[PDB]
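Here's the structure, in structure tokens; my notes come after.
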Amino acid sequence: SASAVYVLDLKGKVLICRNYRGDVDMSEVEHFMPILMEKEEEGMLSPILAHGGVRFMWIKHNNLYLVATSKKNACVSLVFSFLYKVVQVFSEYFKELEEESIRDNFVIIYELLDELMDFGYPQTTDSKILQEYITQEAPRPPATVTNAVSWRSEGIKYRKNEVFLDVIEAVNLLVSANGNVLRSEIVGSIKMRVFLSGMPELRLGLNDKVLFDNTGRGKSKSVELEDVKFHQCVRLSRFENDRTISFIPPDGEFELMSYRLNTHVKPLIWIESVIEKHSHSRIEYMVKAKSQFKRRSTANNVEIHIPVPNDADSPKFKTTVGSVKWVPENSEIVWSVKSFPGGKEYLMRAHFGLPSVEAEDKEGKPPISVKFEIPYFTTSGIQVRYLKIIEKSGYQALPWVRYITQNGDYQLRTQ
Amino acid sequence: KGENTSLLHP
Amino acid sequence: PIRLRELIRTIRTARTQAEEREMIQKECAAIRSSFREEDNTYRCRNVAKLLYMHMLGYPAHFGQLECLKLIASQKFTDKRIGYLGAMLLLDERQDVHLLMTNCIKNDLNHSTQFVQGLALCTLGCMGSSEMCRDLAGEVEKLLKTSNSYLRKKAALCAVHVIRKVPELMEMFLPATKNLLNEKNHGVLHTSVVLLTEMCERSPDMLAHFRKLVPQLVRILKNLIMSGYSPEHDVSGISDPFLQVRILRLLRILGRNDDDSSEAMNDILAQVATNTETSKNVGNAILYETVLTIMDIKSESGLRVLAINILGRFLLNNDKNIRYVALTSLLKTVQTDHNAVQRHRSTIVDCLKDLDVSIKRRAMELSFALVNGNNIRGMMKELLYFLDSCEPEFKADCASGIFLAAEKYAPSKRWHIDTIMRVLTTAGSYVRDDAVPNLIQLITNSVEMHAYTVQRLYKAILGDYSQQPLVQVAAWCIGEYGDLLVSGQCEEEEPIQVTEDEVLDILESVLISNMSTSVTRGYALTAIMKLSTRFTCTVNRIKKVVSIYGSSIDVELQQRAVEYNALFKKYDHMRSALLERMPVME
Amino acid sequence: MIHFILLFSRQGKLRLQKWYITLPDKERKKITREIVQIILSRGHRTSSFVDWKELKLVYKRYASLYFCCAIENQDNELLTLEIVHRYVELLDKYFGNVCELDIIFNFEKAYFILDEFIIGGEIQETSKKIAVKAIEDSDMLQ
Amino acid sequence: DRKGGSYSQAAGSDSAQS
Amino acid sequence: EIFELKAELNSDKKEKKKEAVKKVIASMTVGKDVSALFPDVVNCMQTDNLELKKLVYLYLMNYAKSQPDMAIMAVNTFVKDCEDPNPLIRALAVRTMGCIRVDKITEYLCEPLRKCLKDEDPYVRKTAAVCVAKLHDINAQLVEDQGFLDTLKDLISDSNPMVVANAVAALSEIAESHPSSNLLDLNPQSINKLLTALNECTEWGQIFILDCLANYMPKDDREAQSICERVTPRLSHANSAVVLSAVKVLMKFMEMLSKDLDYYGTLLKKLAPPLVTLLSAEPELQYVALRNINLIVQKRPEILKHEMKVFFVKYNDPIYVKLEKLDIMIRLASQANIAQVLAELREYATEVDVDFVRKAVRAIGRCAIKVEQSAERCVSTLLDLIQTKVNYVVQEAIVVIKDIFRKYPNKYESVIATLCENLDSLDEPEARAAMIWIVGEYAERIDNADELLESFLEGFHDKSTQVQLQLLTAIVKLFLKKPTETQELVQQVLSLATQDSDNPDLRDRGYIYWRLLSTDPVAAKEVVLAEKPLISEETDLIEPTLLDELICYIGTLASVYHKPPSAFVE
């Protein structure tokens with residue numbers, strides 16, 4: 001229940017503001033910057049600010065803080081969801097999120113803000129629906145918003161019915177300094193870019209453990225996602241009733257389902273680091289990377305980031321496979337490898353000097369993270385069974401899907 | 001701007 | 001070799017703080033890589049970039065050995081860069097200037113004047129306790145030189161050494177002898193500054209330095225005679241720095257002697273009437289002359305002229321002029337106190353001025369001008385100022401009012417009422433340290449306790465969030481429970497104190513979340529003392545003490561346990577250790 | 001003497017800094033930030049004099065970049081303003097139409113001029129032409 | 001070709017589940 | 001500038017009027033007071049172009065409060081636009097009518113609001129409901145006189161499920177500011193109708209639909225079971241706000257649910273995956289999710305019993321997120337994951353955040369105090385932190401040791417020797433007082449207690465009131481226990497705190513100690529050095545009355561602040 005949502009700037013200037021209830025004065029935005037500065041200097045800065053009896057909830061955007069001032073005890077989660085929807089709509093309409101587009105599309109930006117929410121209650125949240133009624137280059141509102149199906153616009157015609165799916169896998173491993181993995185969770189991502197004619201109702205079917213157990217086929221390799229979230233077009237009733245993933249696919253790229261469950265398998269890449277750091281004399285980087293993934297899968301664009309000393313200079317890299325580049329801005333050395341086949345063993349030996357004068361304050365030990373991304377690999381083993389594409393007119397669809405395995409929160413605690 | 005202006009304007 | 005201008009342009013081109021930090025880190029990494037190879041060709045550019053990064057707020061610990069290496073170099077640009085690095089990133093606490101002592105000693109005898117002058121300036125700016133000990137002889141050697149451009153540097157180095165090492169001023173006594181005839185303005189100013197520093201450091205040289213009073217008076221008269229100056233003459237005042245130094249020396253010279261004041265009395269009188277205060281330099285010179293006259297044993301006419309000048313400057317609309325007048329009035333508070341009473345209206349008006357510095361000066365002048373006759377009249381003004389004062393001045397105003405009441409209170413009853421009003425209105429602005437002083441004052445006064453006890457009881461039941469007021473009320477209750485309530489042993493007629501409201505208030509304060517563990521301890525001590533002090537409410541505080549003995553705080557838990565043990569095993573001995581504490585100044 | 005003299009811009013950026021008292025780097029940064037906040041949070045009718053930490057914090061900027069000084073409470077207040085004005089005039093004469101942009105590019109020259117003018121917080125060159133001539137001679141040395 | 005795994009054809013439903 | 005803009009706006013050229021409107025909009029957004037040109041734009045308001053109409057309406061809304069008198073020349077335009085055939089124009093007019101904060105403007109807009117109340121277009125219906133809600137908020141008496149409550153109530157039982165959700169949200173907002181008289185509560189048929197339309201509601205309408213169920217109090221197990229079954233599908237929604245609303249509704253319904261029935265167990269089992277999914281949300285919603293988990297933790301702590309790995313603070317997590325994770329771990333700490341909690345605290349103690357290090361130390365101390373099985377592990381961790389040579393870490397370890405000694409000092413005698421020489425030169429009052437209290441109470445395993453207290457007695461009269469009291473108590477305890485080596489020390493302490501101590505409480509304590517010493521030294525052992533009872537630690541759990549109230553208020557600003565809804569609003 002934010003009183004007014006406004007877009008700020010890096011210098012405190014409000015790029016654009018739009019009051020929705022009028023219960024909060026527009027002059028409260030000026031005091032938001034001093035409050036944020038005081039909070040940052042004291043460690044008490046939070047996204048939800050508080051200016052007396054009015055709370056100024058702000059979200060750190062790409063270039064401006066989306067401050068949504070509120071007065072009463074409005075839904076904080078609702079305000080955050082509205083801000084996220086507004087950010088997504090702006091990203092869809094404008095490819096750049098900065099001051100260049102804030103002051104360049106004000107005529108359409110004001111109309112979009114007015115149409116999105118009224119009296120603090122959001123009304124329009126579909127990017128396609130908003131673009132079909134408000135454009136920067138007006139007819140009556142589309143019937144899709146009024147109709148029940150607000151995620152599948154009717155009347156869409158295409159020459160070919162091709163849908164491109166993406167089995168995105170995020171391998172996150174939380175390995176402590178002792179060598180044991182604490183947080184090892186893999187989050188699935190079933191995103192399909194449906195581009196067909198009409199409003200087909202997708203019938204999602206995969207090798208789900210629950211579905212296999214219900215059907216009596218709980219003996220093969222089935223993916224048991226701890227948390228499964230359906231898309232907006234996905235009908236929750238069918239999933240709760242018999243796990244039937246039946247919903248109208250959206251026009252374009254959208255996230256249908258996103259699995260999320262813990263992983264009990266060995267890490268895809270095993271990286272062991274050795275720190276032979278002398279006392280203000282030199283530093284040793286005994287970094288050894290072992291590929292725990294299958295040899296048939298290659299980790300393309302593998303970049304194992306090893307944090308080097310903050311004051312370290314004149315470093316020498318003695319590795320075997322993969323180029324090592326030291327970035328002064330990042331204050332770390334990334335063991336970048338173009339192609340990392342499974343089972344490969346890469347050994348590196350870093351050596352650099354240190355300044356004679358000791359550092360005044362400590363810099364910490366940031367965890368070492370790798371950027372391995374091996375496509376065409378299904379670590380979870382979940383295989384899609386079928387995709388029920390049904391249309392009233394009747395057409396032969398040719399859906400496609402690709403499985404991509406990447407490294408997410410794969411951070412290894414430093415020694 | 002305000003930076004190119006003379007400090008004393010003399 | 002990245003130029004300093006290129007680095008500045010790159011820094012200015014960055015907008016985001018993260019991008020600027022990344023650029024600074026990259027520049028520092030490049031500088032460290034260049035320094036690690038022992039580069040000496042582009043060392044000036046690297047030093048300039050490191051200095052710019054340090055000024056912007058970036059670490060420069062690794063850029064310490066390079067500055068030391070460049071200091072012992074031969075290039076003039078490299079030497080200047082090293083000197084700048086030593087002055088900026090080198091300090092006594094840094095510990096990297098210890099090796100720079102040899103470089104300074106080597107450059108102290110350098111034939112080039114710029115190198116020697118730069119080294120002297122660096123030594124003066126970064127004077128250390130150990131560097132001056134090994135460089136005191138070198139400074140004294142250059143003090144006897146005839147170089148006008150180096151005489152000022154030698155005087156500054158000697159002054160810095162004396163300030164850092166007061167025990168080394170004994171070696172500068174004969175070096176500055178016969179140095180009041182320097183034609184150069186800079187050399188004369190340096191000599192005057194050195195003499196003033198020597199006089200202020202120790203009074204043994206005051207008699208020796210007081211013999212040059214006629215020479216200083218003659219020099220000041222000669223300077224005043226020439227009202228124009230092609231060099232050092234700005235805004236119609238020739239040698240304003242020299243005039244200010246002469247006035248300061250005259251004020252500090254002969255401050256407790258009649259011969260010194262009489263010798264400079266004519267010069268002060270001439271300056272007080274032969275100087276125009278239209279410009280800032282003239283106003284500063286007049287203020288310095290007035291301060292010197294006030295701080296010295298001047299004549300009645302000189303004091304009257306200084307008072308008139310201060311009054312005229314008080315009416316000036318300039319904020320700086322008003323601040324200077326307020327500072328002069330505050331300094332001349334004890335001296336010419338009767339003459340300062342004529343500016344009571346101006347002091348009162350300065351409290352309502354829209355200048356923070358002006359308001360503070362007016363408040364300080366009002367506080368310092370409070371006497372034994374205007375204290376009662378000024379009490380209302382002080383209370384009004386405290387009630388409608390700024391948040392940063394409310395605590396100071398309350399402290400000043402309390403100090404005036406404790407120092408020049410017209411009566412104990414009036415002082416007690418003023419203290420109670422300040423505590424009630426100060427709230428959270430009353431200092432916690434003033435609580436012990438108020439407790440001591442209450443304990444010392446043994447004639448006004450019933451009225452004070454009643455007032456404390458009335459102010460305690462209304463509010464309890466004021467830590468100082470709450471602590472004062474608790475201490476008063478603990479000290480005079482026997483007098484706050486009379487005949488409260490059993491049920492009686494309805495009075496202010498019924499022997500049960502105080503216990504409930506103490507329990508609420510102890511259990512209230514608005515406790516800082518200090519007022520809670522005072523309340524617990526008062527409750528424990530009330531077991532023998534008050535005989536009406538008995539057998540009930542023991543249960544609270546026993547329950548209160550398991551408090552989270554270790555000290556509070558121990559106090560509660562001790563109180564419970566005393567109540568359960570030393571009931572007859574409770575009154576044997578509940579005697580009133582002695583009252584002392 | 002002057003405890004510390006720092007030139008800070010209106011936006012808060014510091015173009016100059018020269019402290020005559022040895023203080024910790026973190027403590028010095030905190031003091032500079034507090035001085036900037038006090039100057040940035042002060043009006044134009046405050047007399048340009050602030051008694052912060054028992055120091056005559058005198059702020060007087062003739063342009064967008066302001067200047068601050070910290071001297072002990074033992075001399076007249078107008079003396080600090082006169083010294084600041086003389087230093088500004090000397091810097092303008094040495095450079096010629098001194099602006100904010102020229103100050104950043106001439107940081108080394110400004111530091112050298114300040115060192116040659118005032119050392120240890122005390123006045124070292126009372127004259128305005130002698131100091132300029134000495135600075136020019138030092139610059140011409142190479 | 002495409003990085004991250006080549007696109008593969010998908011069925012309509014579980015033919016073995018009737 | 002202003003004159004040129006006025007001349008352009010007072011022209012008959014559409015391009016010039018559009019350029020003037022765009023310039024005025026840009027000036028207003030840039031921070032230019034364009035309210036003086038509002039009367040000029042009043043004439044150039046009835047325009048066929050929709051782009052100019054929207055800009056004119058926005059200028060009037062932003063210039064309505066500034067110039068209420070000049071807003072009287074727009075009632076006719078609003079009335080004319082309220083009957084526009086285009087649904088977008090009608091919706092814009094309805095939004096502008098409710099957005100104009102004019103006391104005399106809404107009075108003449110009652111007829112347009114009544115006309116648009118029965119609009120067939122779902123967007124028109126939503127706009128009319130929003131305008132009615134805005135009018136009721138601005139003037140409750142005007143809304144009551146217009147009789148819009150009946151129209152709002154009937155909007156719930158109609159088509160346009162998004163419009164139905166908008167009407168339901170408007171009715172809830174009106175009742176939220178209402179004093180509870182004549183509430184809009186519905187019977188179970190209304191709840192069933194809302195649940196049926198819940199599946200067809202949009203992302204925004206789902207929150208509005210779930211908000212109505214938050215105020216309804218179930219009275220039967222079958223109704224509660226049906227509500228739980230209906231809200232179960234809401235837990236599989238990508239919307240974080242919808243998931244949070246469903247979780248809050250389930251928690252509220254669980255208050256009347258029976259633990260014997262298997263519905264509560266199924267709800268608890270299905271709630272854990274939702275909490276795990278919410279814990280991996282965006283940083284802005286991470287704090288909200290942590291606050292919701294903490295609020296629901298005190299109600300059903302067994303729901304997240306096995307949720308411990310996700311509570312670990314990530315390296316890239318924010319300071320607020322790390323603090324919330326540490327608080328969740330402290331509240332969810334158990335003997336099963338005691339080793340994991342200790343490892344996280346040890347790993348969290350190596351960070352560069354002083355506040356984060358202090359929070360980790362406090363969490364470790366709280367875990368050690370709450371669970372006595374890890375008392376040895378907590379003591380070892382505190383000793384390691386002290387030996388780490390960190391000033392803040394050393395102070396935190398000293399505070400933890402002092403707290404443990406007062407709580408579990410039966411087996412704390414093995415750390416007195418280690419803590420006897422532990423860089424006691426720190427002048428921090430929190431660590432110094434704790435060390436003094438530990439030495440005084442544990443003055444049995446240290447043979448140099450008097451020597452250690454001698455260094456702290458140099459500035460006892462000017463150290464601190466609490467520090468001075470702790471030092472006096474330690475000296476008294478040492479004299480009572482071992483007066484042979486502290487007979488002179490006790491007298492010196494009494495003289496310093498009795499003659500040179502001007503503190504009232506400190507002076508009274510010193511006088512009491514001196515009187516006890518001079519009356520009966522034997523009785524001082526049983527009076528001063530007595531065996532204190534068990535220390536009652538302050539419970540961090542909220543009161544049951546506040547917990548029940550906080551269950552209904554799920555997702556609001558009060559949940560994040562951990563304050564009552566009426567204790568935070570102005």
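Just so you know, the numbers here start at 1 and follow the chain as drawn.
Method of determination (from the header): electron microscopy, 20.0 Å.
Note that Cβ sites are derived from N, Cα and C of the backbone, with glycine treated the same way.
Residues annotated as phosphoserine in Swiss-Prot, with a large-scale study or a structure entry given as evidence: E:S6 (among others). DSSP assigns E:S6 (phosphoserine) to coil in the three-state reduction, outside any helix or strand.
The phosphotyrosine feature in Swiss-Prot is assigned to E:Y7; the stated evidence is a large-scale study or a structure entry. Taking the Cβ of E:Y7 (phosphotyrosine) as reference, no residue of its chain lies under 8 Å away while being at least six apart in sequence.
Among the features that Swiss-Prot reports, phosphoserine is placed at E:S13 (among others), with the record citing a large-scale study or a structure entry. There are 14 other Cβ atoms within 10 Å of the Cβ belonging to E:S13 (phosphoserine).
The phosphoserine annotation in Swiss-Prot covers E:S15 (among others) and is backed by a large-scale study or a structure entry. According to its DSSP assignment, E:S15 (phosphoserine) is helical. The Cβ of E:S15 (phosphoserine) has no same-chain neighbour under 8 Å that is 6 or more residues away in sequence.
Put simply, E:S6 (phosphoserine) is 21 Å from E:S13 (phosphoserine) when counted between their Cα atoms.
In the structure as shown, the Cβ atom of E:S6 (phosphoserine) sits within 10 Å of 12 other Cβ atoms.
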